[PDB]
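Some notes on the structure that comes next.
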Amino acid sequence: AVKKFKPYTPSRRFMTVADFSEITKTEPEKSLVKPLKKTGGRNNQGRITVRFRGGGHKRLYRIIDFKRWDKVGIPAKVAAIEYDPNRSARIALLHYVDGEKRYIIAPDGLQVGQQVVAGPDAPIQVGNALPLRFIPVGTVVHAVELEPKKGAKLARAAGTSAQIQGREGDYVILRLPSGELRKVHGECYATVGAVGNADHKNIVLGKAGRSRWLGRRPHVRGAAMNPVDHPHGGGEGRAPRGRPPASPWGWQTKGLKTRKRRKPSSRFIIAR
Amino acid sequence: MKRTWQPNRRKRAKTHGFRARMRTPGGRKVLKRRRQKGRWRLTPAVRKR
RNA sequence: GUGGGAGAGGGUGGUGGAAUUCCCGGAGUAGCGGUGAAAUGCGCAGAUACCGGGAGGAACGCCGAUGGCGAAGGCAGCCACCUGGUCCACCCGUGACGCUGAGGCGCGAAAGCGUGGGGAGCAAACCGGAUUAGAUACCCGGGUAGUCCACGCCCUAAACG
RNA sequence: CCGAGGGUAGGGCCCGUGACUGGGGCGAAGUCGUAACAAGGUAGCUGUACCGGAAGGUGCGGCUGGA
RNA sequence: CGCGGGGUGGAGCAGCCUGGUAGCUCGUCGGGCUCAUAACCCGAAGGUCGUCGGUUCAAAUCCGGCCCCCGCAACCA
RNA sequence: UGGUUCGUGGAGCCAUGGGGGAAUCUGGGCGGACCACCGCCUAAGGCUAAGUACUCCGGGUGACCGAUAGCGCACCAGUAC
RNA sequence: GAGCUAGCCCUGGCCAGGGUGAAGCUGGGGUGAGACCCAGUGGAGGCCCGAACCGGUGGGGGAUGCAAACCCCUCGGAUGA
RNA sequence: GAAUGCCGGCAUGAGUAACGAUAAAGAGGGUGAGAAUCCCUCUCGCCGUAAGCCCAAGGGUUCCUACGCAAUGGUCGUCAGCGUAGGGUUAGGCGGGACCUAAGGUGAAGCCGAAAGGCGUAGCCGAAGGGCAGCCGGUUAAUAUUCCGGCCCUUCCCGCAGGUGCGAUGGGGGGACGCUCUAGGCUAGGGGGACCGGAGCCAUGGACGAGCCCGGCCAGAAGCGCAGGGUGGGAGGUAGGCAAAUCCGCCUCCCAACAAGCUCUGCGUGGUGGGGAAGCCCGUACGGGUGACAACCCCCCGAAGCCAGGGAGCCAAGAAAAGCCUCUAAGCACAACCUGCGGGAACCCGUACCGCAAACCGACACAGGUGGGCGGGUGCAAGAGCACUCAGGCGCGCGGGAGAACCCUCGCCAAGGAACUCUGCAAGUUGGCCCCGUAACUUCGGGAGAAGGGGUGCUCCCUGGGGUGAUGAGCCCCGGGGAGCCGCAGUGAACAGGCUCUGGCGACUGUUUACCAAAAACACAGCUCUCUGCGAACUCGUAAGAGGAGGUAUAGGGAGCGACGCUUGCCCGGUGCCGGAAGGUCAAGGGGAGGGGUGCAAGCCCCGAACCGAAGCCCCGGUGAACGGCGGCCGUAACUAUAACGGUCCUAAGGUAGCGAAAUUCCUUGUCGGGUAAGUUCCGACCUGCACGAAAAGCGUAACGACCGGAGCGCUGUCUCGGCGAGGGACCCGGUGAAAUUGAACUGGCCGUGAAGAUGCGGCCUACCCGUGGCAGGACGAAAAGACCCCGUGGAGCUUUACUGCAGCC
RNA sequence: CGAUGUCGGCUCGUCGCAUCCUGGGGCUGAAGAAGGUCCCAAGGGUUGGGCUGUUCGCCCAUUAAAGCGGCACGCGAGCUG
Ligand SMILES: [Mg+2]
Ligand SMILES: [Mg+2]
Ligand SMILES: [Mg+2]
Ligand SMILES: [Mg+2]
Ligand SMILES: [Mg+2]
Ligand SMILES: [Mg+2]
Ligand SMILES: [Mg+2]
Ligand SMILES: [Mg+2]
Ligand SMILES: [Mg+2]
Ligand SMILES: [Mg+2]
Ligand SMILES: [Mg+2]
Ligand SMILES: [Mg+2]
Ligand SMILES: [Mg+2]
Ligand SMILES: [Mg+2]
Ligand SMILES: [Mg+2]
Ligand SMILES: [Mg+2]
Ligand SMILES: [Mg+2]
Ligand SMILES: [Mg+2]
Ligand SMILES: [Mg+2]
Ligand SMILES: [Mg+2]
Ligand SMILES: [Mg+2]
Ligand SMILES: [Mg+2]
Ligand SMILES: [Mg+2]
Ligand SMILES: [Mg+2]
Ligand SMILES: [Mg+2]
Ligand SMILES: [Mg+2]
Ligand SMILES: [Mg+2]
Ligand SMILES: [Mg+2]
Ligand SMILES: [Mg+2]
Ligand SMILES: [Mg+2]
Ligand SMILES: [Mg+2]
Ligand SMILES: [Mg+2]
Ligand SMILES: [Mg+2]
Ligand SMILES: [Mg+2]
Ligand SMILES: [Mg+2]
Ligand SMILES: [Mg+2]
Ligand SMILES: [Mg+2]
Ligand SMILES: [Mg+2]
Ligand SMILES: [Mg+2]
Ligand SMILES: [Mg+2]
Ligand SMILES: [Mg+2]
Ligand SMILES: [Mg+2]
Ligand SMILES: [Mg+2]
Ligand SMILES: [Mg+2]
Ligand SMILES: [Mg+2]
Ligand SMILES: [Mg+2]
Ligand SMILES: [Mg+2]
Ligand SMILES: [Mg+2]
Ligand SMILES: [Mg+2]
Ligand SMILES: [Mg+2]
Ligand SMILES: [Mg+2]
Ligand SMILES: [Mg+2]
Ligand SMILES: [Mg+2]
Ligand SMILES: [Mg+2]
Ligand SMILES: [Mg+2]
Ligand SMILES: [Mg+2]
Ligand SMILES: [Mg+2]
Ligand SMILES: [Mg+2]
Ligand SMILES: [Mg+2]
Ligand SMILES: [Mg+2]
Ligand SMILES: [Mg+2]
Ligand SMILES: [Mg+2]
Ligand SMILES: [Mg+2]
Ligand SMILES: [Mg+2]
Ligand SMILES: [Mg+2]
Ligand SMILES: [Mg+2]
Ligand SMILES: [Mg+2]
Ligand SMILES: [Mg+2]
Ligand SMILES: [Mg+2]
Ligand SMILES: [Mg+2]
Ligand SMILES: [Mg+2]
Ligand SMILES: [Mg+2]
Ligand SMILES: [Mg+2]
Ligand SMILES: [Mg+2]
Ligand SMILES: [Mg+2]
Ligand SMILES: [Mg+2]
Ligand SMILES: [Mg+2]
Ligand SMILES: [Mg+2]
Ligand SMILES: [Mg+2]
Ligand SMILES: [Mg+2]
Ligand SMILES: [Mg+2]
Ligand SMILES: [Mg+2]
Ligand SMILES: [Mg+2]
Ligand SMILES: [Mg+2]
Ligand SMILES: [Mg+2]
Ligand SMILES: [Mg+2]
Ligand SMILES: [Mg+2]
Ligand SMILES: [Mg+2]
Ligand SMILES: [Mg+2]
Ligand SMILES: [Mg+2]
Ligand SMILES: [Mg+2]
Ligand SMILES: [Mg+2]
Ligand SMILES: [Mg+2]
Ligand SMILES: [Mg+2]
Ligand SMILES: [Mg+2]
Ligand SMILES: [Mg+2]
Ligand SMILES: [Mg+2]
Ligand SMILES: [Mg+2]
Ligand SMILES: [Mg+2]
Ligand SMILES: [Mg+2]
Ligand SMILES: [Mg+2]
Ligand SMILES: [Mg+2]
Ligand SMILES: [Mg+2]
Ligand SMILES: [Mg+2]
Ligand SMILES: [Mg+2]
Ligand SMILES: [Mg+2]
Ligand SMILES: [Mg+2]
Ligand SMILES: [Mg+2]
Ligand SMILES: [Mg+2]
Ligand SMILES: [Mg+2]
Ligand SMILES: [Mg+2]
Ligand SMILES: [Mg+2]
Ligand SMILES: [Mg+2]
Ligand SMILES: [Mg+2]
Ligand SMILES: [Mg+2]
Ligand SMILES: [Mg+2]
Ligand SMILES: [Mg+2]
Ligand SMILES: [Mg+2]
Ligand SMILES: [Mg+2]
Ligand SMILES: [Mg+2]
Ligand SMILES: [Mg+2]
Ligand SMILES: [Mg+2]
Ligand SMILES: [Mg+2]
Ligand SMILES: [Mg+2]
Ligand SMILES: [Mg+2]
Ligand SMILES: [Mg+2]
Ligand SMILES: [Mg+2]
Ligand SMILES: [Mg+2]
Ligand SMILES: [Mg+2]
Ligand SMILES: [Mg+2]
Ligand SMILES: [Mg+2]
Ligand SMILES: [Mg+2]
Ligand SMILES: [Mg+2]
Ligand SMILES: [Mg+2]
Ligand SMILES: [Mg+2]
Ligand SMILES: [Mg+2]
Ligand SMILES: [Mg+2]
Ligand SMILES: [Mg+2]
Ligand SMILES: [Mg+2]
């Protein structure tokens, strides 16, 4: 839906906030299962190695369930859907009859009170997790494992999915959010449905501060700098570059393919 | 204005203390040099309890 | 009201085959495309033609009519759901409850606009090759918006009987 | 107290005028091209859209005021 | 003032650097197609190569001096 | 690749990081590419005084200084600052 | 050497008093249902005036200074990046 | 004898500048060898959201007392933060440690690295964060939440007494959390009182008066009472909480739906303990006695503090671990643990004093900087604002005179009002509140405090709401109407916008050259391209490893543009990148045709042609929100003029829209038009664009700007064109007493001359010796081994299709 | 070049004369008035505004006139910037 504001201030005239109506009466989270201390820090042991990180709201990590094959066969009741500061998506709090409480990343269409479960069994319904094999060709799916028993790694961003395209002996072909065509092992779990919160892309930050709230420090142009700092630094009053556009570290930034050629992963990929 | 000396007993101790110098080869040599020199004070005297 | 009937009337979801284009595997050469005629273009880096698989989008051949439906615009594979208008019979009910209709409000082909998709084919713009005195055209080879979906605007027409 | 009127300040309508500029009209025999009228030599007109010295062309859909 | 490029039939351009022949399009003029003009078709004409000087057997072409034409430059104070 | 006078040079010997990869006296290395001859040594395990270096320390001497010299310090100096 | 300065991490603290009045909620109106319109409530904002606090705009003084960046008048921000 | 030489000493300027805030002094009396400067008293002035008070950091004897004045004190010094000596800092409860965890650090395991060493899950260390039991008075010259007095607590250990399966570093619960706005009741704090307590006081015209002045509290266990916070109770079933569990979690039935009940805080009260003014008398440097058997009561305002895990809304979604509750396992249940009551035990370190500053950081008794808590009263709309003032603390550690120039700071002005100047720079006008009333344009919010106006004091009469109170009086906040009074002037003092019109740039709030640039620069949301399938790309590191990210294409890296509106045209020839199982070339290696050196030979040893050989380059295409690029010359219309049209040469293609003498225009003050009396600027045009132009974005744009230009109004000392006044210096006297500079000096003008600008040489002119206040023409005056310029086969920073290497990738 | 501060303005000036004005004069194609031109003469005077950083210049309104040039393009230990 997206919340919109009137221009009672500049920067409030474009600003735009998510709709939280799917956030069920459960705004503060769940101890026990999560949260952990989350360790803010824009850099490695010592030095900054990703520029322009820092500031922005304190967070608690929700330790979510990315391998659903523990509770094969054990169903769970979806108890709530809550805000997760550390991902684009929303998260489902679910209660297993087992007693155990996990969070699943919350797919589009998930309703509270719903039944959900994981395993070879598993009715093909939104929320359920299955090894890729038993899932019908053509169904859209998410939180897909890359290699079996290694955890969900594909399609967890808000409003993303992959579609099952066909099969090939032990592998089923996937069409990933990027549009790539991937052979992913049959035995990999993946949960049916799309991610949801799909209006995430429609949000307009609206002002500088908002950027900072999310811990995004000001990014400065190479043009703004000096020859010591950047290939684009200097010279006089503005300058068009004077070389093929580059990163600060000298590599070209328009076109230069960067995936290494001889990756053994290659023989499992069929697209862009 | 604000000058450059902003005394702190803990800082002076953690920074220039006998135990800091002892911790690394760089520092151990400092004690060696100061000893051979005949320095009355190997490290700065940080006070208080 | 009771009882029926025809219909591409409208909305949503699902689904079927033919065909084009691209991809891969096979087999196979020396040309294919295209025109009034040619050329640009594609093809010995393996094209065209043919066979097998895969993907994708759009449009629904025969039925099809000089036909049907809608208030107009418009509406065409199939399926189910939701829904409108409408006609026949029976003459049962109310009982003058009627007609038109400034304004208002709602609908409104195509093109166009905003946001996000999707993009096989075609195709403004644009680029070539021909034609011409010259061609910013008519012909040919390319090709971007757009054409398709969702939501929101736009209110035009030889919106014509 | 009110009060003609004077002063101050800010508006609304109207008329006059203005470098330059947009299109319109009229002007016996100027330049360029051939759009339409005969299938006008690309049927025409059309709403819209882009493009073009100019008429105009093309895309999309529509019309019989054409076969 | 300096630097380097250019003056070729009416117009616009080749021809020079490896000296000997001035060629292309248009225009112009004569004829044809047409009722007539343009278009198209068939023939033809047209150039002291900026001027002065010579290098050579021989100069549009090579070397000097001037003359217009064009572009660049003229910075630190 | 380093070492040696040896800077790729006709470039050996000694050492090695990479690849191949033996032999036990009729066995192996060496004498400046290589080969023949004639010779010298006996690799891939270790230890070994003395003669040699130094001078914080004690001792002796000085065609060495004599408090702006001589050690930074003759003096409570690696101090005050 | 980051006890000045620059950024980030962990943990606390500070921002007088005033204005303006977004969404939302309530009632009323309106329609087939709506959108929408009125009030009232409500208290949003890198919103407004202005102390602290953080700045350093213009002018003057200071120039062996009170000060190796100061003083006075004036000025920007002041719930936020 | 020279090195702007080195070290030391002493001069010169010079009895000169200054003596460190313009908050301010006078007198009387003491003490003393010696007083503007020390002690005391009276008067005067200054701070009072401090210039008062309490903590924290830092400082480390500065604290208290006696005795001193050579130095230290910008003067004096009997005084001191100074010298000598002697004292002075008391804790189970305050803070820190025998508790906990954060970032981070360390690090057994493990991994890595030539060595030094680097990563490192567990554990340990790590604090204003968590946890945790003391409140009020009194005493010293100097310490007290520490000693003492009263009242009140916490732990252990050992007992008895009574309960229960007790019981782990392990399971679970809790601790436990954001921002903004807030409700109810409280305390702190404050105002009022005709009520209570009190020494006293009638002044100078009046007043013996509900007269003046002073004060009417603080702590307090159990038990209450008012607020308010925390929480449902059973019974089954159980596969989860990494062994177990009665705990927790989940499912299923009953009973509550409530704070009813349990608790847990806060606040009132409370046994009882303490405090207790003015004034007056005293002798202290300072405190004491009396006032007093002090009284110790009622109203009112009222927090930002307490009840506290209170509530409401919002998005950016807001530590950890222990203490504490519980569950069970090993084990043990003569153990043990819980509860009640007794007795015993309760260590280590800090404590003085400064602390917005003369004791900290600035070499100084430095006009600077320095975190937290309190910060009263009246008035002003409110307030931490502003003017005065409690408490409390000061008069800023050189004075006295004088009353020139000139400077700084300030006040006022006839007449004119920007004529000043690069520029209204500066200064002025404006100014708070309430009420009328407000334009273009606009993104419909704004523009807006638009602009422009009026009101504003005191007195009396009538009158409307609330709050606390019983529905009332009072006390307290907001209001309305009507008469009148005074002055030049009523936010009568202080704090408190001058306004408009119109361009440029940037959207906007932000950011920046600490110490000459705050901007039109950086950032910014947003837009596009591009890489990246996850052991991601990218970055740091030799590595291990870490960031990315405990993220996964709506995600992350790089680039550029920079809200928003309308838009971003053509060129792929070169360069880049992208795509091409052909071909050409291509190193090691493979291969050996053939030849060479030695041997009597077997052999041993060298080169070595075909041919197979990668990426790369060449070659074939694509790609401009990739690097970039986007022409020349002649002619032509029935007035001239101009050129829609044409010819021709070249290109990869030949600048569209939209702008245009512009932050771009050289010739240039272009050419008209507008503002003016007059306009190299400004504004609207034209287009002949030296040399705009479309994401180094194009043309616009409401709003915003201590940005930059032009204009007008208002108002002025900016100016005609100055004048007067004030105060701090300057000047004179007493006290202290510098500096850069300095070859030496007995240091005149002119006209000449001289290395070409002479006090110093020539001639002439002038001129008795020495000072004080002033002005700056000169000593090519001081200051810095010129910054520009050139030189040196000097040095660094930067660039690239310079050379050559290296990392990195292939 | 071990430093001679560099444009313009302001303030203060002073000097030259090849005089803009006023005083004297010759010739005039000088009737008169007003001019032209030349000679003598520097004693004094030689305005206020618009634009520009400007010097200069173009204007506006005046005047007896709106003079030229030197003084380190006079003068920054005098100011401005
Ligand atoms: Mg936790
Ligand atoms: Mg690192
Ligand atoms: Mg480290
Ligand atoms: Mg940036
Ligand atoms: Mg820069
Ligand atoms: Mg660079
Ligand atoms: Mg430039
Ligand atoms: Mg550059
Ligand atoms: Mg094929
Ligand atoms: Mg029906
Ligand atoms: Mg009937
Ligand atoms: Mg009708
Ligand atoms: Mg329509
Ligand atoms: Mg359409
Ligand atoms: Mg469009
Ligand atoms: Mg569209
Ligand atoms: Mg096509
Ligand atoms: Mg076509
Ligand atoms: Mg033709
Ligand atoms: Mg008009
Ligand atoms: Mg006209
Ligand atoms: Mg014609
Ligand atoms: Mg025609
Ligand atoms: Mg036609
Ligand atoms: Mg049309
Ligand atoms: Mg066309
Ligand atoms: Mg002819
Ligand atoms: Mg060597
Ligand atoms: Mg050997
Ligand atoms: Mg050998
Ligand atoms: Mg040998
Ligand atoms: Mg030999
Ligand atoms: Mg030995
Ligand atoms: Mg000595
Ligand atoms: Mg001696
Ligand atoms: Mg010495
Ligand atoms: Mg409202
Ligand atoms: Mg507010
Ligand atoms: Mg604000
Ligand atoms: Mg403010
Ligand atoms: Mg500044
Ligand atoms: Mg000498
Ligand atoms: Mg000396
Ligand atoms: Mg003097
Ligand atoms: Mg003097
Ligand atoms: Mg003096
Ligand atoms: Mg002492
Ligand atoms: Mg004494
Ligand atoms: Mg003294
Ligand atoms: Mg003392
Ligand atoms: Mg003492
Ligand atoms: Mg102990
Ligand atoms: Mg500890
Ligand atoms: Mg840790
Ligand atoms: Mg370590
Ligand atoms: Mg610990
Ligand atoms: Mg602590
Ligand atoms: Mg404690
Ligand atoms: Mg004390
Ligand atoms: Mg436990
Ligand atoms: Mg626990
Ligand atoms: Mg009397
Ligand atoms: Mg009490
Ligand atoms: Mg268990
Ligand atoms: Mg007393
Ligand atoms: Mg709460
Ligand atoms: Mg622990
Ligand atoms: Mg138990
Ligand atoms: Mg103490
Ligand atoms: Mg104390
Ligand atoms: Mg303080
Ligand atoms: Mg002092
Ligand atoms: Mg001092
Ligand atoms: Mg101070
Ligand atoms: Mg402060
Ligand atoms: Mg207060
Ligand atoms: Mg008050
Ligand atoms: Mg006020
Ligand atoms: Mg104040
Ligand atoms: Mg003083
Ligand atoms: Mg005046
Ligand atoms: Mg006056
Ligand atoms: Mg006036
Ligand atoms: Mg002026
Ligand atoms: Mg002037
Ligand atoms: Mg101006
Ligand atoms: Mg001003
Ligand atoms: Mg302006
Ligand atoms: Mg403006
Ligand atoms: Mg800005
Ligand atoms: Mg700053
Ligand atoms: Mg600066
Ligand atoms: Mg600023
Ligand atoms: Mg944009
Ligand atoms: Mg990692
Ligand atoms: Mg991570
Ligand atoms: Mg990206
Ligand atoms: Mg930029
Ligand atoms: Mg920019
Ligand atoms: Mg472009
Ligand atoms: Mg190109
Ligand atoms: Mg190409
Ligand atoms: Mg290319
Ligand atoms: Mg390539
Ligand atoms: Mg190759
Ligand atoms: Mg122009
Ligand atoms: Mg230009
Ligand atoms: Mg004019
Ligand atoms: Mg003009
Ligand atoms: Mg530009
Ligand atoms: Mg560009
Ligand atoms: Mg821009
Ligand atoms: Mg700003
Ligand atoms: Mg003016
Ligand atoms: Mg004055
Ligand atoms: Mg005075
Ligand atoms: Mg004196
Ligand atoms: Mg003399
Ligand atoms: Mg001379
Ligand atoms: Mg002499
Ligand atoms: Mg002389
Ligand atoms: Mg002088
Ligand atoms: Mg002077
Ligand atoms: Mg001088
Ligand atoms: Mg000098
Ligand atoms: Mg020099
Ligand atoms: Mg220079
Ligand atoms: Mg050289
Ligand atoms: Mg010089
Ligand atoms: Mg000199
Ligand atoms: Mg004369
Ligand atoms: Mg005369
Ligand atoms: Mg000016
Ligand atoms: Mg000049
Ligand atoms: Mg003069
Ligand atoms: Mg000159
Ligand atoms: Mg000068
Ligand atoms: Mg001077
Ligand atoms: Mg300047």
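If the viscosity is 0.692 mPa s and the temperature 37 °C, what Stokes-Einstein diffusion coefficient in µm²/s follows for segment A:127-231 when Rh is the Kirkwood radius over Cα pairs?
204
How would you rank A:261-270, B:21-30, A:69-78, highest first, on the average number of other Cβ atoms within 10 Å across their residues? Mind showing how you got there, number by number?
Numbers: A:261-270: 9.9, B:21-30: 12.3, A:69-78: 16.1.
Highest mean packing first, the order is A:69-78, B:21-30, A:261-270.
I want the local charge near A:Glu187. Using Cβ-Cβ distances under 14 Å, sum +1 for each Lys or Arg and -1 for each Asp or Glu among the other residues.
With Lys, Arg at +1 and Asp, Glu at -1, the neighbours total +3.
What ratio of Cα Rg to 2.2 N^0.38 Å holds for segment A:215-272?
1.60
What does DSSP give for chain A in terms of the percent of beta bridges that are antiparallel, rounded to the nearest 5?
Among the beta bridges of chain A, antiparallel pairing accounts for roughly 95 percent.
Normalised by the empirical 2.2 N^0.38 Å for globular proteins, what value does the Cα Rg of segment A:182-225 take?
Relative to the 2.2 N^0.38 Å estimate, segment A:182-225 comes out at 2.03.
Which three lengths, in whole Å and largest first, does segment A:79-146 cover when its Cα atoms are put on their principal axes?
Principal extents (Cα only, largest first): 33, 29, 21 Å.
Largest first and in whole Å, give the semi-axes of chain B's equivalent ellipsoid, each being the square root of 5 times a Cα gyration tensor eigenvalue.
In descending order, the three semi-axes are 23, 12, 11 Å.
Placing unit charges on C-beta atoms (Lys and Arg positive, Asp and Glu negative, everything else neutral), compute the dipole magnitude of segment A:206-272 about its Cα centre in debye, rounded to 20.
Details: 18 positive and 2 negative charges, 131 e Å.
It works out to roughly 620 debye.
Estimate the FRET efficiency between A:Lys207 and A:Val2 by the formula 1/(1 + (r/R0)^6), using the beta-carbon distance for r and 22 Å for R0, to the nearest 0.05.
On the way: r = 16 Å, r/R0 = 0.74.
Taking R0 as 22 Å, the efficiency between A:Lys207 and A:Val2 is 0.85.
Can you give the direction-averaged projected area of the convex hull of the alpha-carbon atoms in the protein assembly as shown, in nm²?
Hull-based average projected area comes out at 29.2 nm².
Using the Kirkwood radius over Cα pairs, work out the Stokes-Einstein diffusion coefficient for segment A:33-137 at 4 °C and 1.567 mPa s, in µm²/s as a whole number. Each step should come with its number before you reach the end.
Details: Rh = 15.7 Å.
The estimated diffusion coefficient comes to 82 µm²/s.
Suppose every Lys and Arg Cβ carries +1 and every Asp and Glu Cβ carries -1, with no other charges. What dipole size does chain B come out with about its Cα centre, to the nearest 20 debye? It would help to have the intermediate numbers written out before the result.
Working: 22 positive and 0 negative charges, 22 e Å.
The calculation lands at about 100 debye.
How big is the dipole moment of segment A:54-163 about its Cα centre under a simple scheme where the beta carbon of each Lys and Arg is +1, that of each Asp and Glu is -1, and everything else is neutral? Debye, nearest 20, please.
That gives segment A:54-163 a dipole magnitude of about 340 debye.
Nearest 500 deg cm²/dmol is fine: what mean residue ellipticity at 222 nm does chain A get from its DSSP H runs of n ≥ 4 alone, each adding -39,500 (n - 2.57), divided by its residue count? Don't skip to the answer; put the middle values down first.
Details: 1 runs with 6 residues, N = 272.
For chain A, the value works out to -500 deg cm²/dmol.
Cβ coordinates were reconstructed from backbone atoms using ideal geometry, including for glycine residues, and neighbour counts include every protein chain displayed. Computed from the coordinates by the stated procedures, all read-outs in this text should not be read as laboratory data.
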